[PDB]
């Protein structure tokens, strides 16, 4: 989670999509969903990102509907966006033990308990937090099994990006869980 603004230039695909859905939160605009294999995924927009401007114009106070509206009504040539990096999220680094544990319990993405003497404990991982990413990979909507798998497949060092459930639950609100499982980009970034 970078402590700054950045600018991205987008470019509508063949079909005029950018692969993005936006949600209005506390009078800003935030990324609800990034589609795999989209301009938005390529330029590296992330779930939880804040859109400050689109094509120079400020986003504050906009409705989800109007933000979508704007995106359609724009000379796709290039769309310029100004992005505060996942403002509602923070990242914990952790280390696996001899028995390959970081030391917490989660359910539906949400962390429900921390284990005594764990690395989860030493680093102050918090409960009532929905898991957003792991080692830089968005794991939202995956099953608990596949999340467990990623934590298993991951090295000893494990980096998790978490968000307060209340905020998480308000971002994903009005989006079907299948779409998150299906369409939300769950891939490592390209170089």
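Positions refer to the first chain, counted from 1.
- In this entry, the higher average B-factor at the C-alpha atoms falls on 76-84, of the pair 76-84 and 104-112.
- Per-stretch averaging of Cα B factors for 142-150 and 41-49 places 142-150 on top.
- Of the candidates 26, 128, 57, 133, the deposited coordinates give 57 the top C-alpha B factor.
- In the PDB entry, residue 172 places in the middle third of its chain by CA B-factor.
- Ranked within its chain, residue 33 lands in the middle third, by CA B factor from the PDB record.
- Per the PDB record, residue ranking by Cα B-factor puts residue 70 in the highest third of the chain.
- Among all modelled residues in this chain, the alpha-carbon of residue 93 has a temperature factor (C-alpha) in the middle third.
- The entry lists a Cα temperature factor for residue 179 that places it in the highest third of the chain's modelled residues.
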